[PDB]
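All remarks here apply to the structure that follows.
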Ligand SMILES: [Mg+2]
Ligand SMILES: [Mg+2]
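What follows is the structure, given as structure tokens:
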């Protein structure tokens, strides 16, 4: 049914009290209220802190391994494969001195 | 007719823990709480008791050294409310300009030799130094007797 | 201790203020856990603690929730073969009544400090207060 | 055939602990959970952050106590407190354990900004549930 | 340099009339060397018994209540009695409370495990008052009910104002009290356009 | 005989009718006073005796949460009030009092009032940004018959 | 070191979206309405376009934090199905069990 003057003027009196939009606003223009009432996706802690600081973990554990307070079985395994590979003559070439000139 | 509302009691944040602590007594069959509660790790003799604690204090100092020497890895703060005592410490002055304020920082950090150098440099330029600030320098020098504060490091 | 006992144990200082105390008509404590047995033990500890402090308590078990999701079992292809996982949530509601604000703080601290690992609490305090003095009398 | 977390049969000479013996479908039936936090309960947040901390805390303890761990560690979170309960072999001298406890506690309390405590129960040797 | 030998468990020295609360003052993990009980846990193997306490990971995985025993809880609550305050005797019924304290303010706290104590749901506040308790003229009550819309429930005659827009709980709480005051005063005010209903 | 508090005294000093006349912090704590206080604490410094004493120390240092849990402990938004967050039309005075810009800014300030994730300072910054934006676009607005500032 | 160069590009996209969140909010609000002149809206359509492409929050992809897998991830744990199953099948996830019913 239609909204009579009493109904419409009461609705505006209510919106004025509850801090709602008081005017007649299109559905398109109600997005401005949504944009400024909701935290944006890029500002949510889930988004910007999605990853752990992989650099802190890799660096910190490497520093601890060199201080003797942490043991990396994986790295010790790789360190011996490089040592053996260098003896076999398959080691990494120096930069700028690769097979192709 | 009017109801009488009781007057609210108030207490410190540690009051409840203190009340619960009062109930319990020392366990006669257990080692001091500092020592680990394992038969293999219980101090048999008085020499081990002190050695075991010094090893604990030594391990605490090894962690604090790493935290204070690689602070960039211990800077992300995920604790709400914020815990100040679990953040890396910085003791070296970060004010580079040679001003009475920079001298005040060194005095606050308690560096004795660096503060003397910047005080003399301030005198060399002749810039004004407050008597209260000049007294803060003497306090540090007089109390430590011209010697850098004792500390342990590599 | 057989012979060596504390003489005058120190007790915390509790000072009565002049501010009026809050009046909680109800105080609902919804604990959640994956384990039913832990809730049973916590229910016994919490109901015993309330009865010892004079608080009125009732307990019921809200219906449990089971959340299930499906995943792909293989690392590559073999779509039709799946593995399913579930998480079970169990509830115990401790509904307290007619508590002053001092009684609700000491009780909640005591039971929250003793909350087992894996248990989540959701206190829902319901305070009762008079009407605003302006509202009491209509003013034009 | 299912290969997930199943210590397969040999010729009766492979010692396995209680944790290893039971396959995934016995979780919540015969064996419990190694980590206990509130982050996977319904209507609770920060499951991802609790899970990442667990992965690291397990890799840290393996390296910090190399060859001294009798079984997987048990992680218990209460409020902001973290509690690590580890079965450790009696290989190292006693004083060395006091050093590693002080070090590992202080380091992990300044890394996650929470009070972290280490609880060590020492076993003479690994406990064998059955030989498979 | 022989290997170190572990001492015998201290349970051996524990009397059967000891003060157990002192043994486990606070929440701790299960310590087979401190708990003087022959407890066993584990699905037993065929022709086998459940595993023993020493080196038992399953007992360690349990959140035990050894620190919370019936003797401890009673000794604890005895100390905690000085903190409590007495509820006013006159308010012996819920109807009596509605008479003198018609406004109900709902606030929720949440306890979880983690480094952060922050929960988004803790800001919300809910005010519930009955219109019968409010002094409203026949005109006022009709105006109050039209403005509030679905917040008013005819069956229960309760107005529910839920405010979560403000960041903090003290702000949301003060806002709900404000919303009631404006609705009450506006309801009594009569506007000329109201004569056209 | 050897009564501890019965007998002659030095009498160099007199009864303190006036007591503690100068304030304890006559000056900001000096290194001498700051260091002596640290030593007084060490006099009674004994190790933890149980989990309660350990938790008591952690609480005093902020390491352990306070109980009962308050999810907003230490979280005060600049000591603001509800009316500061909700009523934001005071900041729209510089904008045109009527017209399309007013209709738009009404929607903007309505959303900001319903925003619990921003402080008042941040909300004001959003409004200030639009004031400077429309000022820059004065010429395009004038073509459309809208007059700004 | 992060898992791979793809996770590195994603991390930077997440940190540039956080920088440009307010800006892209304020500008985009001027476009999501019917109350402002179309001349202003046509111009705001280009100010938002001129911002760097990595400021756009729809170029973020949720990857397994430990293997950097683009698909198969569960958003509550930020892990791929393969990594999740390894932790779940070992009793290391608190409350996760197999679903039998
Ligand atoms: Mg790679
Ligand atoms: Mg996408």
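Chains as they are written, first to last, in UniProt numbering: chain A, 2 to 102; chain B, 56 to 209; chain C, 9 to 148; chain D, 36 to 167; chain E, 44 to 240; chain F, 236 to 384; chain G, 28 to 128. The beta-carbon is built from N, C-alpha and C at its ideal position, and this holds for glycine as well.
How about residue i and residue j: do their beta carbons lie closer than 8 Å?
| i | j | result |
| --- | --- | --- |
| residue 108(G) | residue 31(C) | no |
| residue 123(G) | residue 93(C) | yes |
| residue 136(B) | residue 309(F) | yes |
| residue 134(D) | residue 113(B) | yes |
| residue 54(E) | residue 93(E) | no |
| residue 156(D) | residue 74(E) | yes |
| residue 203(E) | residue 171(E) | yes |
| residue 354(F) | residue 324(F) | no |
| residue 67(A) | residue 343(F) | no |
| residue 127(C) | residue 41(C) | yes |
| residue 131(B) | residue 25(C) | no |
| residue 133(C) | residue 150(E) | yes |
| residue 67(C) | residue 50(C) | no |
| residue 48(G) | residue 46(A) | no |
| residue 121(G) | residue 75(D) | yes |
| residue 102(G) | residue 92(G) | no |
| residue 34(C) | residue 302(F) | no |
So for residue i, helix, strand or coil by DSSP?
| i | result |
| --- | --- |
| residue 116(D) | strand |
| residue 250(F) | coil |
| residue 156(E) | coil |
| residue 82(A) | helix |
| residue 30(G) | coil |
| residue 176(B) | helix |
| residue 78(B) | helix |
| residue 77(C) | strand |
| residue 147(C) | coil |
| residue 55(A) | helix |
| residue 140(B) | helix |
| residue 82(E) | coil |
I believe residue i touches residue j by the beta-carbon criterion, under 8 Å. Please report the beta-carbon distance rounded to the nearest angstrom.
| i | j | result |
| --- | --- | --- |
| residue 299(F) | residue 116(D) | 7 Å |
| residue 216(E) | residue 168(E) | 5 Å |
| residue 78(B) | residue 77(E) | With 8 Å as the limit, residue 78(B) and residue 77(E) do not qualify as a contact, their Cβ atoms being about 19 Å apart. |
| residue 109(E) | residue 109(D) | Contact flag wrong, Cβ pair sits at about 16 Å. |
| residue 165(E) | residue 268(F) | With a Cβ gap of about 42 Å, residue 165(E) and residue 268(F) do not count as contacting. |
Would you say residue i lies against chain A (beta-carbon separation less than 8 Å)?
| i | result |
| --- | --- |
| residue 153(G) | Because chain G is modelled from 28 through 128, residue 153(G) falls outside the range shown and cannot be assessed. |
| residue 193(E) | no |
Would you say residue i lies against chain C (beta-carbon separation less than 8 Å)?
| i | result |
| --- | --- |
| residue 63(B) | yes |
| residue 93(D) | no |
| residue 123(G) | yes |
| residue 27(B) | No answer is possible for residue 27(B): it lies beyond the span of chain B, which begins at 56 and ends at 209. |
Using a Cβ-Cβ distance under 8 Å, would residue i count as near chain E?
| i | result |
| --- | --- |
| residue 82(B) | yes |
| residue 190(C) | Since the displayed chain C opens at 9 and closes at 148, residue 190(C) lies outside it and no answer follows. |
Taking 8 Å as the CB-CB limit, is residue i close to chain F?
| i | result |
| --- | --- |
| residue 210(E) | yes |
| residue 62(G) | yes |
| residue 19(A) | no |
| residue 160(E) | yes |
Does residue i get closer than 8 Å to chain D when you measure Cβ to Cβ?
| i | result |
| --- | --- |
| residue 72(A) | yes |
| residue 49(A) | no |
| residue 53(A) | yes |
| residue 118(E) | no |
Consider the Cβ of residue i: report whether some Cβ of chain B lies at a distance smaller than 8 Å.
| i | result |
| --- | --- |
| residue 126(D) | no |
Examine ligand 4 and report whether any of its heavy atoms sits within less than 7 Å of the Cβ of residue i.
| i | result |
| --- | --- |
| residue 66(A) | In the structure shown, ligand 4 is absent; the only ligands present are ligand 1 and ligand 2. |
Inset, instruction - Give the residues from the stretch 292-319 of chain F that approach chain D closer than 9 Å (Cβ to any Cβ), ordered along the chain. - result: 293, 298, 299, 300, 302, 304
Legend entry - chain D contacts made by the stretch 60-76 of chain E, where a contact means CB separation under 9 Å: 70, 71, 72, 73, 74, 75, 76
Legend entry - chain G contacts made by the stretch 321-353 of chain F, where a contact means CB separation under 8 Å: 335, 336, 338, 339, 342, 343
Inset, instruction - Please name the residues in the stretch 272-289 of chain F whose beta-carbon is closer than 8 Å to at least one beta-carbon of chain E, in chain order. - result: 285, 286, 287
Inset, instruction - Would you list, in chain order, the members of the stretch 70-82 of chain D that have their beta-carbon closer than 7 Å to a beta-carbon of chain A? - result: none
Legend entry - Residues of the stretch 169-199 of chain B whose Cβ lies closer than 9 Å to any Cβ of chain D, in chain order: none
Legend entry - Interfacial residues, the stretch 169-193 of chain E to chain A, with Cβ spacing under 9 Å: 186, 189, 190, 191, 192
Inset, instruction - Please list the residues of the stretch 124-146 of chain C that have a C-beta atom closer than 8 Å to any C-beta atom in chain D, keeping them in chain order. - result: 124, 125, 126, 127, 128
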